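> Chains as they are written, first to last, in the UniProt record's numbering: chain A, 451 to 509; chain B, 2 to 6, 23 to 51, 60 to 79, 82 to 92, 95 to 332; chain C, 2 to 6, 23 to 51, 60 to 79, 82 to 92, 95 to 332.
Note that CB positions come from ideal geometry on N, CA and C, so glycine has one too.
#1: 8 Å is my cut-off, CB to CB: does residue 201 of chain C come that close to chain B?
#2: Quick check: the Cα distance between residue 164 of chain C and residue 171 of chain C, rounded to an integer number of angstroms?
#3: Going straight from the alpha carbon of residue 182 of chain C to that of residue 303 of chain C, what length do you get?
#4: Are the C-beta atoms of residue 492 of chain A and some chain C residue less than 8 Å apart?
#5: Are the region 488-506 of chain A and the region 30-49 of chain C touching, with three or more C-beta to C-beta distances below 8 Å?
#6: Three Cβ pairs or more, each shorter than 8 Å: is that satisfied between the region 256-272 of chain C and the region 132-143 of chain C?
#7: From the DSSP output, in three-state form, read off residue 29 of chain B for me.
#8: Give me the Cα-Cα distance between residue 485 of chain A and residue 256 of chain C, rounded to the nearest whole angstrom.
#9: Please list, in chain order, the residues of the region 473-493 of chain A that have any C-beta partner in chain B closer than 7 Å.
#10: In three-state terms, what does DSSP make of residue 476 of chain A?
#11: Would you call residue 319 of chain C buried or exposed, if buried means 16 or more other Cβ atoms sit within 10 Å of its Cβ?
#12: Closer than 6 Å by C-beta to residue 66 of chain B: which residues in its own chain qualify, once you throw out the five before and the five after it? Chain order, please.
#13: Cβ of residue 460 of chain A less than 8 Å from any chain B Cβ?
#14: Go through its chain and collect everything with a Cβ distance to residue 212 of chain B's Cβ below 8 Å, but skip five positions before and after it.
#15: Sort B/72, B/128, B/46, B/330 by Cα distance to residue 88 of chain B and report the nearest one.
#16: To which residues does DSSP link residue 464 of chain A through a beta bridge?
#17: Spatial neighbours of residue 70 of chain C within its chain, please: C-beta separation below 8 Å, excluding the five flanking residues on both sides.
#18: Chain A partners of residue 330 of chain B, CB-CB under 9 Å?
#19: Check each candidate in B/228, B/294, B/280, B/247 and name the one with the smallest Cα separation from residue 116 of chain B.
#20: Could you give the distance in angstroms between the alpha-carbon of residue 274 of chain B and the alpha-carbon of residue 6 of chain C?
#21: The beta strand (DSSP E) spanning residue 159 of chain C covers which residue range?
#22: When the Cα atoms are used, what is the spatial distance from residue 194 of chain B to residue 288 of chain B?
#23: Within the present structure, is the beta-carbon of residue 332 of chain B separated from the nearest heavy atom of the ligand ATP by less than 7 Å?
#24: Compute the beta-carbon to beta-carbon distance between residue 270 of chain B and residue 107 of chain B, rounded to the nearest angstrom, for a pair I have assumed lies under 8 Å.
#25: Measure the beta-carbon distance from residue 327 of chain B to residue 503 of chain A and round it to whole angstroms, keeping in mind my assumption that it falls under 8 Å.
#26: Is it buried or exposed, residue 151 of chain B, if we count other Cβ atoms within 10 angstroms and call 16 or more buried?
#27: When DSSP builds the beta bridges, which residues end up paired with residue 459 of chain A?
#28: How is residue 326 of chain B classed by DSSP in three states: helix, strand or coil?
#29: Between residue 465 of chain A and chain C, is any beta-carbon pair separated by less than 8 Å?
#30: Could you spell out the range, first to last residue, of the beta strand (DSSP E) harbouring residue 264 of chain B?
#31: Would a check of beta-carbon distances place residue 161 of chain C closer than 8 Å to chain A?
#32: Rounded to whole angstroms, how far is the Cβ of residue 315 of chain B from the Cβ of residue 130 of chain B, which I believe are closer than 8 Å?
#33: I want to see whether chain B comes within less than 8 Å of residue 158 of chain C, judged by CB atoms only; does it?
#34: Is residue 238 of chain C buried or exposed, if buried means 16 or more other CB atoms sit within 10 Å of its CB?
#35: Report back the beta-carbon spacing between residue 313 of chain C and residue 459 of chain A to the nearest angstrom; my notes put them in contact at under 8 Å.
#36: Compute the beta-carbon to beta-carbon distance between residue 202 of chain B and residue 232 of chain B, rounded to the nearest angstrom, for a pair I have assumed lies under 8 Å.
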């Protein structure tokens with residue numbers, strides 16, 4: 451939520467099970483990621499994939 | 002009720034309407050009637074199914092020996110395929126670069142040497158581009174080919190047991206309730222020399238059990254033959270080969286945390302030199318990842 | 002003699034019996050007769074051949092932008110196949126684990142910033158399991174997808190030239206006869222900020238030329254459009270995408286020694302803030318190895 455004149459590029463990164471929280475962008479980009487760009491709003495949604503050993507994950 | 006979709026018929030009925038509410042499971046027949062051995066156990070000869078898949084060469088490295098290969102659980106290694114897999118994400122197949130024979134540090138086999146063990150995939154974690162794909166991926170599965178080779182002369186004597194134990198869970202070295210440490214059960218390629226048993230063995234930091242007779246887990250040797258194994262008798266053969274598929278409940282596991290195999294080598298009968306003066310002989314182990322798959326790529330899990 | 006197997026016929030004759038002893042090469046015809062443009066140059070639109078190969084996603088990473098992608102030399106990247114290859118040894122294809130978008134360190138674009146360049150594959154040498162496969166393999170080939178993205182507002186101004194130069198051979202920073210150092214032409218992911226020209230620029234250890242007008246190699250800007258390129262004009266577009274095949278004489282080269290591409294980004298017109306108070310904007314580069322192949326596995330060439 452901003453004005454129409456603002457613009458931005460965001461990196462949305464999902465680090466799979468077993469990985470540390472990245473602490474810097476070069477370690478975040480190596481997982482699942484999407485580049486969310488304003489002025490599209492087709493790029494907003496990241497789909498967290500199902501990556502797991504077992505078939506189910508405990509709530 | 003429900004049902005479902023010297024010889025006694027019975028009407029199949031679920032009184033409670035459900036599966037798993039049903040009673041114990043028998044062997045059905047549609048019409049009247051009117060098994061003794063399991064070749065999957067007993068460690069077949071890898072010709073006892075088919076030899077077309079095998082002179083043994085995986086991925087740029089050659090073994091020349095293959096009727097005496099034991100095929101663990103009579104199942105040939107294969108990729109996860111589909112329909113048995115959890116994630117739809119396409120795994121990575123390194124193939125010939127990460128599927129190749131990795132020879133480890135040789136170990137002197139002496140008089141009084143109690144045994145050795147290596148955990149897998151762990152032993153390979155620093156080896157080549159297989160050991161790189163472990164860290165950069167969430168999960169993975171691999172079958173292995175273990176080639177154990179110990180050569181002495183016709184004057185020497187003594188036998189080894191080369192066994193592959195799925196999920197070999199070590200016992201703590203004694204006393205109180207402690208989990209063996211992450212570091213002592215992940216030794217790397219050097220494996221673990223079994224130095225016990227003794228009452229003087231150190232107890233700290235969760236060190237594993239040093240007793241070879243109880244398999245370090247509390248179950249006798251000589252029953253270790255229920256696993257895939259070969260017996261290297263220096264009167265007969267100098268080497269060993271074992272082809273293990275991927276054994277686990279899960280399609281893919283971490284490979285850093287979970288070691289789904291163990292390579293155990295026990296001097297069943299000691300090494301006696303003959304008229305020769307050689308008191309010790311090297312044992313060499315060569316492991317080949319085979320049909321390995323990796324998925325869930327990330328930053329290297331390396332610390 | 003030999004021959005071989023306004024309109025003038027001629028009897029094709031090798032007087033010396035050989036090819037390459039023959040004279041200059043014309044365009045033959047079998048019967049009587051009775060071209061202006063090369064779309065491979067001019068950097069096509071990647072729809073100008075076909076768009077079925079492309082929302083841009085390689086190997087677990089997504090780009091959402095693809096009619097404005099330029100397809101370098103009108104050729105789509107593809108594996109070495111056969112018959113063009115030297116070794117028969119089967120290359121390794123890492124696919125989605127090592128073929129993915131790697132975003133590099135962003136660079137402030139300021140007033141007075143002369144330019145930037147990155148050498149490829151070099152920029153990716155520490156990136157993921159692509160940068161691992163470089164060291165563990167003798168040779169390799171890869172196509173790349175360069176996505177350059179710089180966003181400012183409607184108040185800002187200024188243009189960039191994003192060009193990909195095959196075999197961009199840097200000039201030494203001046204004077205005597207020196208080869209630029211291995212280290213200065215292999216900067217890593219950080220690339221090289223062009224800080225010149227000046228008479229005061231340091232000359233030591235083979236440092237590369239700092240002059241952006243002469244392309245650091247001695248050839249003008251504005252002729253840099255003969256390479257695959259895009260012009261990012263902050264009045265029009267914020268981003269760029271370029272798809273390069275594998276350009277080289279050899280099927281596979283080392284990738285540590287030989288950098289077969291360069292990504293050059295030149296502020297053709299400076300960055301002027303408008304009524305806004307923002308004096309600098311980040312430029313971000315995202316490189317995807319595509320259709321990469323590795324062969325000749327060895328110990329890591331890493332020092």
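Concretely, from the data shown:
#1: no
#2: 14 Å
#3: 9 Å
#4: yes
#5: no
#6: no
#7: coil
#8: 27 Å
#9: 477, 480, 481
#10: helix
#11: buried
#12: none
#13: no
#14: 234
#15: B/128
#16: A/482
#17: 96, 97, 98, 99, 100
#18: 468, 469, 470
#19: B/280
#20: 57 Å
#21: Where residue 159 of chain C is concerned, there is no enclosing beta strand (DSSP E), although the alpha helix (DSSP H) it sits in stretches over 159-164.
#22: 11 Å
#23: In the structure on display, the ligand ATP does not appear, and there are no ligands present to speak of.
#24: The Cβ separation is near 18 Å, so there is no contact.
#25: That pair is no contact at about 14 Å.
#26: buried
#27: A/487
#28: strand
#29: no
#30: Careful: residue 264 of chain B lies outside any beta strand (DSSP E) and carries neither H nor E.
#31: no
#32: 5 Å
#33: yes
#34: buried
#35: 7 Å
#36: 5 Å
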